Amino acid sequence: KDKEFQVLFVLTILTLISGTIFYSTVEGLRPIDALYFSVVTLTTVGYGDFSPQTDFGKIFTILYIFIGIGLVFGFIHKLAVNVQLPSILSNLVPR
């Protein structure tokens, strides 16, 4: 239900926090930029305004992408179908 969505939501934020912590400390980004970069990476947008410069960070980025894309897109999907779609249908009821 909503708890399915809530758990995915929590997993997704924890995953984004891990990236924030990693890119803040290993790659020297401000926490806000490391969060923003983590999001841009796992949603596969990839502006490239930020990207890892160290070998450690490139290796982490490889694993982070493979492990986090599946979760992040699972969350977007549940966001879309269990939250945005009901809300839309609700907003379409005429009164």
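Residue numbers here begin at 1 and follow the sequence given.
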Segment of higher mean CA temperature factor, 74-82 or 21-29: 21-29
Residue stretch of maximal mean CA temperature factor, 85-93 vs 1-9: 1-9
Third assignment of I59 from its chain's C-alpha B-factors: middle
Third of chain Cα B-factors occupied by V39: middle
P52 by Cα B-factor - lowest, middle or highest third of the modelled chain: highest
